[PDB]
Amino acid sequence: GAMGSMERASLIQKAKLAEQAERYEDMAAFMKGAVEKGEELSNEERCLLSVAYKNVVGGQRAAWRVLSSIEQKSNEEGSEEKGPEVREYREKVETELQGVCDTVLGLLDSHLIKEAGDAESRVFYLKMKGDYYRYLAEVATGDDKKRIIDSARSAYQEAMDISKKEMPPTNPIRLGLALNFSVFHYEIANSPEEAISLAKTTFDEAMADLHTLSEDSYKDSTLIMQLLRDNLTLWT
């Protein structure tokens, strides 16, 4: 690793600087270096890791969607043949996206998940594993597409099982996991009813637990609850 010679604390410091500078590729490289030091991550460090890769892959996904849309329009009736370039460039972006997903999944498998014993860390990493398999599923078309989808489902399901046993219904990680697994059901697994049921049950169980929270925790939980409601409004 090109970060092997830099101190763990310096990598974390530079990840925070990269975030301030909106240099998310650098941020992700610094956090990958920090993970590869082999020590477990604190809550703030897990956040830095997730923010960095979410921004990198988010940009790739947006670009892939633009290119896929152009490619699909080129394959409609009456469209002038323009050669292999659109497919080639969509494939280039797709391959880079897959590489980033494989990198994140590799960090989770070697060895973040296996050392994560507390609910907050383990649920967080399993949510990430589901998310990055979900991004692989968005672009998948081959023999392994069903296995990629089931890998996302399996990671999300293990995270859900732990979160329901070990976290309150307002815990922001539990809420964000449910939000994303609901989107998985709607956009990946062709299961809109399950998506809607999960979002509604999650929202209602969080609502009933808000009374236990401080003002600051209430703000965190209600923010994610509003995203659940936003999706429900989009879907109904």
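We number the residues from 1 along the sequence you see.
**Student:** So 158-166 or 134-142, which one's hotter by mean CA B-factor in the entry?
**Tutor:** Higher of the two, by average CA B-factor, is 134-142.
**Student:** As stated in the PDB record, which stretch has the larger average Cα B-factor, 89-97 or 76-84?
**Tutor:** Here the higher of the two C-alpha B-factor means belongs to 76-84.
**Student:** Whose CA atom has the top B-factor in the entry, of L175, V66, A34, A195?
**Tutor:** When the deposited C-alpha B-factors of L175, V66, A34, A195 are compared, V66 is largest.
**Student:** Pull the Cα B-factor of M3 out of the PDB entry and bin it into the chain's lowest, middle or highest third.
**Tutor:** Middle third - that is where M3 ends up once the chain's C-alpha B-factors are sorted.
**Student:** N43's Cα B-factor: lowest, middle or highest third of the chain?
**Tutor:** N43: CA B-factor falls in the lowest third of its chain.
**Student:** Which third, lowest, middle or highest, does the CA B-factor of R147 fall in along this chain?
**Tutor:** Tercile = highest for this residue's CA B-factor.
**Student:** Would you mind checking where the Cα B-factor of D26 ranks among the modelled residues of its chain, as the lowest, middle or highest third?
**Tutor:** For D26, whose C-alpha B-factor we compare with every modelled residue in the chain, the answer is the lowest third.
**Student:** Against its chain's modelled residues, does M225's Cα B factor rank lowest, middle or highest third?
**Tutor:** Tercile = middle for this residue's CA B-factor.
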